[PDB]
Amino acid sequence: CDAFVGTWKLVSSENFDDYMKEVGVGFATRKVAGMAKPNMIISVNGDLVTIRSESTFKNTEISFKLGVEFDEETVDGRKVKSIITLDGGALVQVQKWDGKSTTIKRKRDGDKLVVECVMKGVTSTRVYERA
């Protein structure tokens, strides 16, 4: 997960609003949340990985052990159970809440960090470049 370490900047987003809507995010949040060009800061300390997202709207931060389920309060306000594992070079995150589930995969693609989100078939792709 050292290949993910660093600060990243959003450079392109595709279908993110559709994803949020499939997730159930409210109109206001979707608008403000989508307005953003958040920075993602990933760091590793021992077996604890931290993924931070910063923007003018809201900052988020989760610290976890890969493979151990934990509580996460998403940027849109959901309180979910997340599990993040390292598979094939990608960080695969699954969030579960109110009987629903969504997958967020973070992978390295060339010199970029690509975030793919999936909810009920609706998928969004966000590309980040080193800040």
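Quick note: we count residues from 1 along the sequence shown, nothing fancier.
For the pair 81-89 and 30-38, the mean B factor over Cα atoms is greater in 30-38. Split the chain's modelled residues into thirds by C-alpha temperature factor. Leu48 is in the highest one. Sort the chain's modelled residues by C-alpha temperature factor and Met20 lands in the middle third, per the entry. In the PDB entry, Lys105 places in the lowest third of its chain by CA B-factor. For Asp98, the recorded CA temperature factor ranks within the highest third of the chain's modelled residues. When the modelled residues of the chain are ordered by their C-alpha B factor, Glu54 lands in the middle third.
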